[PDB]
Amino acid sequence: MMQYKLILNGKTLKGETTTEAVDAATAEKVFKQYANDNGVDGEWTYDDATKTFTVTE
C-alpha cells in the first residue's frame, strides 16, 4: 500500500506525481527535497489513515 497521489500544498501550484522508493525513509529524502525544489519549507505531515503526505508550511 505505497501511496499513489503525492499532494503538494500550493496556492497557485497544483499537481500530483508517482515514483517508487526502496523504503519509506528512502522516499522521505526525495519527497522533502521535492518540496524544497518548489520553494516550500515547513513540517512534514502524514495521515496513515489515508496514506498521503502533505507539507504544512
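Heads up, the sequence shown is in PDB author numbering, so the first residue is 1 and it goes up one at a time. Cβ coordinates follow ideal geometry from the N, Cα and C atoms, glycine included.
(request) Rank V40, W44, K5 by C-alpha distance to the C-alpha of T12 and give the top, closest one. (result) The option with the nearest alpha carbon to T12 is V40.
(message) For a test of the three-state rule: what should DSSP assign to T19, helix, strand or coil?
(response) Correct three-state label for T19: coil.
(request) Alpha carbon to alpha carbon, how far is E28 from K51? Give it in angstroms, no decimals. (result) Between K51 and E28, the C-alpha separation is close to 14 Å.
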